[PDB]
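Coming up is one lone chain in structure tokens, specifically the form deposited in one PDB entry.
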């Protein structure tokens, strides 16, 4: 038996592009409805930074309150005035709904996943807070293409902690040496698969970059997730074409 674990964000769905889309829409809102000028982009830039700086959480968080607060702060830090929670909410929920709407599985990614599952067990392994990730999973309707879906923020530890990989292995009833991890992030997906002693790691190198020394090195590298079947058909995973 063989299994393939897939990363989610930016591997199977365009998360970053979806987020950019969300900012584009907020900018439009602030500029058209509220007549903001370039403070629109300034505020959005601030939120992006705040988003990027969130780390902890699992002990307990209301992500909606936290991220609404990023907006509230960014508005006040840019335009001053009294804190405006209502406007913060208007921005947040526009950004959120816009991004979730943008997240979809391309038809060739759907076909690819369908083909893989005929021969191997498929699992989605995605870092991030429970609510946000489950919302993304619902938005791109991907749960039906996998035998299981595991979310880092629902677990005790996330990628690259080997524990979450061993959990995934048990969930599918396989061993780490039966498994392949596919993802676009060296420090989570690849390091994690290396930590957990998986059969192989596949790095989707979208940026066409040479890993700086001291970075994790994957077993295999592809520029697109659509290259996976041919690759897996060559290593000990899928039968030859």
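Each form is matched to the other, and the largest set of C-alpha atoms that superpose within 1.5 Å is called the rigid core. Residues that one form lacks are left out of the comparison. Residue numbers count along the first chain shown, from 1.
Q: Can you let me know which of the two, 76-84 or 92-100, has the higher average C-alpha B-factor in the entry?
A: Of 92-100 and 76-84, the stretch with the higher C-alpha B-factor average is 76-84.
(Q) Per the record, averaged over C-alpha atoms, which has the higher B-factor: 54-62 or 188-196? (A) In the deposited entry, the stretch with the higher C-alpha B-factor mean is 54-62.
Q | Residue with maximal Cα B-factor (values as given in the PDB entry) among 24, 226, 221, 18 | A | Of the options given, 226 has the highest CA B-factor in the PDB entry.
Q. What third of its chain, lowest, middle or highest, does the C-alpha temperature factor of residue 48 fall into?
A. For residue 48, whose C-alpha B-factor we compare with every modelled residue in the chain, the answer is the middle third.
Q. Once the chain's modelled residues are ordered by C-alpha B factor and cut into thirds, is residue 131 in the lowest, middle or highest one?
A. CA B-factor rank for residue 131: middle third.
Q. By the record's CA B-factor, is residue 1 among the lowest, middle or highest third of residues in the chain?
A. It falls in the top third of the chain.
Q.
Splitting the chain's C-alpha B-factors into thirds, which one does residue 106 fall into?
A. Its C-alpha B-factor, which the entry lists for residue 106, ranks in the highest third among residues of this chain.
Q. Among the chain's modelled residues, which third holds the C-alpha B-factor of residue 161?
A. It belongs to the middle third of the chain when residues are ordered by C-alpha B-factor.
Absent from the display: the form deposited in another entry. The rest refers to it.
Q | Did residue 28 shift 2 Å or more between this form and the one not shown, C-alpha, core superposed | A | Residue 28 C-alpha, core-superposed: shift of less than 2 Å.
Q. Versus the form shown, are the CA atoms of residue 85 and residue 57 closer or farther apart in the other entry, given a shift of 3 angstroms or more?
A. Relative to this form, farther apart in the other entry.
Q.
Taking the cut-off of 3 Å or more as given, in which direction does the distance between the C-alpha atoms of residue 82 and residue 57 change in the other entry, closer or farther?
A. Note: Cα gap between residue 82 and residue 57 widens in the other entry.
(Q) As a test: superpose on the rigid core, then list the runs of at least 3 residues whose Cα atoms all move 2 angstroms or more between this form and the one not shown. (A) Once the cores are aligned, runs 55-61, 209-211 are those whose C-alphas move by at least 2 Å.
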